[PDB]
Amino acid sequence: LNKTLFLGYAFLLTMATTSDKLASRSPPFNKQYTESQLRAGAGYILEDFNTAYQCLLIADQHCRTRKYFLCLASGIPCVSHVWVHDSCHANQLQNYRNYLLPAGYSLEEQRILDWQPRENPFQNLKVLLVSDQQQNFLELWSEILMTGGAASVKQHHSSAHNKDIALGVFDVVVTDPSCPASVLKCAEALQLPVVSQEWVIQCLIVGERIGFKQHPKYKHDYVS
């Protein structure tokens, strides 16, 4: 194996969550192993998402993880681990464009959509994030929305208080079931769309801004 095979490349690795693998009908990939092959070729391993390197995401299939959504949002190509396999085997970099992973399952099209070049799906979008999950929501979608081109994202804790939130400056409210009822009522009066995180996700999968109400799962209170 050439010691400089992957030099110049940086990598993000991700495992399809169990629900990702679950939806089956709707050597196996090993993060540590692939990392070892990558390092052996001077590949730079990024433990988390961030000019001097060509970045690539490595996974064994399309998945719905923070790392996957971040790469969809930022243009970092999602490549199949097999590109690592074939490259080591041949000891020569293959064209990753022949190993691109699908973007994800589309609610609208009702099938797995392939990935194609797109324009930042949240361009100049000003959004208000409302939730009681100061980590798995406010922090998570904030970063994703921004690297996805948002003009700005105002984080607001559901259990916090409305003494500065001027709803009329926002284009959309991305929230979850913990959204205070006073915010839902105001949004309605101001005709400010309110949606769930699935709207954000679908925007990333589809590759463009889609219908605020194009699907029931977009309603903020969609449960199970």
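Each residue number is its position in the shown sequence, starting from 1.
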Per the record, the count of deposited residues between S159 and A160 that have no coordinates is none
If I compare the deposited sequence with the modelled residues, how many are absent between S26 and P27: none, 1 to 3, 4 to 9, or 10 or more?
10 or more
Per the entry, higher mean C-alpha B factor between 159-167 and 195-203
159-167
Got a sec? Mean C-alpha B-factor, which is higher, 108-116 or 93-101?
108-116
Between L56, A52, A187, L38, where does the Cα B-factor run highest in the record?
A52
Give the position of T147 by CA B-factor within its chain, expressed as the lowest, middle or highest third.
middle
How does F6 rank on Cα B-factor within its chain, lowest, middle or highest third?
lowest
Chain thirds by Cα B factor, record data; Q134 belongs to the highest
Would you mind ranking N124 by its C-alpha B-factor against the rest of the chain and naming the third, lowest, middle or highest?
highest
Quick one: classify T34 as lowest, middle or highest third of the chain based on its Cα B-factor.
middle
